[PDB]
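Order of appearance sets the numbers: ligands from 1, and atoms from 1 within every ligand. We're numbering straight along the sequence, starting at 1. Excluded from the calculations below are hydrogen atoms, water molecules and symmetry mates; all remaining heavy atoms, backbone and side chain alike, are included.
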Amino acid sequence: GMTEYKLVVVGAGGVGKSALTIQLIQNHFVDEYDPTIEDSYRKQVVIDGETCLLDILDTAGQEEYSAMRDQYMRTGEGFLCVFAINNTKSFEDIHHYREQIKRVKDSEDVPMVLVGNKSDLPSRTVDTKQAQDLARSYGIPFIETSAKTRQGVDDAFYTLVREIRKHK
Ligand SMILES: C[C@H]1CNCCCN1c1nccc(-c2noc([C@@]3(C)CCCc4sc(N)c(C#N)c43)n2)n1
Ligand SMILES: Nc1nc2c(ncn2[C@@H]2O[C@H](COP(=O)(O)OP(=O)(O)O)[C@@H](O)[C@H]2O)c(=O)[nH]1
Ligand SMILES: [Mg+2]
């Protein structure tokens, strides 16, 4: 049977969660996607020669710590924690996203990748060393991406699948 991997993309509003998801789905950069739309999208891909089905939840909206939202997020098998390299606040939020993921999964071992998006921009405020060091602190991979140019997009999603495979 073809394995399906449920991946959830999280991070502050405006970091490029939708742009990254749509680059994976459409193979096209979408600079404008209603920031309120939270939805899921599937794609069949080959990852290391194995054809699998990805189901990508692109999160959006206000925080809500409720039984129903926790249940929806608990469906995720792996998470991309996305910040933008020109937005320090988005980077400072990362620990909170990781903490909430571990809380809903009730696990100290949740497949996760740190993603530094907007790598095409010159306006960097978060050094690559700081981001690599954050991923090292938490023992997770770090991928530099640009939804604009497609830099890192497969690397981010496919690495997360590799992390789910290691966990399962
Ligand atoms: C960084 C904080 C600090 N608070 C002030 C506003 C900014 N923040 C903020 N904003 C918007 C969203 C989130 C946020 N934090 O986790 C999450 C996710 C989706 C991640 C996956 C696991 C769970 S489980 C659950 N119920 C969630 C929810 N809602 C989440 N989303 N956090
Ligand atoms: N230059 C650049 N802009 C990006 C990139 N990804 C997203 N954007 C822009 O960042 C803003 C937020 O993107 P969006 O995908 O809506 O973020 P979301 O709120 O996390 O879903 C929009 O103005 C996008 O055009 C990227 O990699 N590079
Ligand atoms: Mg969005």
Exercise for review: Please state which part of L121 comes within less than 4.0 Å of ligand 2, counting heavy atoms only: side chain, backbone, both or neither.
Suggested key: side chain
Point to revise | Shortest non-hydrogen contact between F29 and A147, atoms and distance | key: CD1-O, 3.2 Å
Check your understanding: Do any nitrogen or oxygen atoms of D70 come within less than 3.5 Å of a nitrogen or oxygen of ligand 1?
Key -> yes
Check your understanding: What protein N, O or S atoms come within a distance below 2.8 Å of the Mg ion (ligand 3), ordered by chain and number?
Key -> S18 OG
Exercise for review: Quick one: look at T59 and ligand 1, take heavy-atom pairs under 4.0 Å, and tell me if it's side chain, backbone, both or neither.
Suggested key: neither
Practice item. Please work out which of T149, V9, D31 has its closest non-hydrogen atom nearest to atom 22 (C) of ligand 2. Key: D31
Review point. Taking 4.0 angstrom as the limit, do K118 and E144 come out as a salt bridge?
Key: no
Revision key, fill the gap. One finds that the ligand 2 atoms under 4.0 Å from a non-hydrogen atom of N117 are 5 (C), 6 (N), 26 (C), 27 (O)
Check your understanding: Does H96 reach ligand 1 with a nitrogen or oxygen that is under 3.5 Å from one of the ligand's nitrogen or oxygen atoms?
Key -> yes
Check your understanding: Is atom 23 (C) of ligand 1 less than 4.0 angstrom from at least one protein heavy atom?
Key -> yes
Check your understanding: Which word best sums up how the rings of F83 and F142 line up, parallel for under 30°, tilted for 30 to 60°, or perpendicular for over 60°?
Key -> parallel
Point to revise | Under 4.0 Å to a heavy atom of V104 - the qualifying atoms of ligand 1, by number | key: 24 (S)
Review point. Would you find a donor on one side and an acceptor on the other, under 3.5 Å apart, between the side chain of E163 and the backbone of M112?
Key: no
Revision key, fill the gap. Ligand 1 to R69, heavy atom cutoff 4.0 Å, flagged ligand atoms 26 (N), 28 (C), 29 (N)
Check your understanding: Is there a nitrogen or oxygen of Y65 sitting under 3.5 Å from a nitrogen or oxygen of ligand 1?
Key -> yes
Review point. To which protein heavy atom is atom 29 (N) of ligand 1 closest, and what is the distance rounded to 0.1 Å?
Key: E64 N, 3.1 Å
Review point. Does any N/O atom on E63 come nearer than 3.5 Å to any N/O atom on ligand 1?
Key: yes
Review point. Ignoring hydrogens and geometry, is there a side-chain-to-backbone donor-acceptor pair from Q151 to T145 under 3.5 Å?
Key: no
Practice item. Check whether the side chains of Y5 and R165 place a donor and an acceptor atom closer than 3.5 Å, and report yes or no. Key: yes
Check your understanding: For ligand 2, which part of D120 has a heavy atom less than 4.0 Å away: the side chain, the backbone, both, or neither?
Key -> side chain
Practice item. Enumerate the atoms of ligand 2 whose separation from the nearest heavy atom of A19 is less than 4.0 angstrom. Key: 6 (N), 7 (C), 15 (O)
Exercise for review: Could you tell me whether ligand 2 has any atom less than 4.0 Å away from a heavy atom of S146?
Suggested key: yes
Review point. Is ligand 2 under 4.0 Å from a heavy atom in the side chain of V15, in the backbone, in both, or in neither?
Key: both
Check your understanding: At under 4.0 Å between heavy atoms, which part of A147 makes contact with ligand 2: side chain, backbone, both or neither?
Key -> both
Point to revise | Separation between CG of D58 and CD1 of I22, rounded to the nearest 0.5 Å | key: 7.0 Å
Review point. In Å and rounded to the nearest 0.5 Å, what is the CD1 to CG distance from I140 to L160?
Key: 10.0 Å
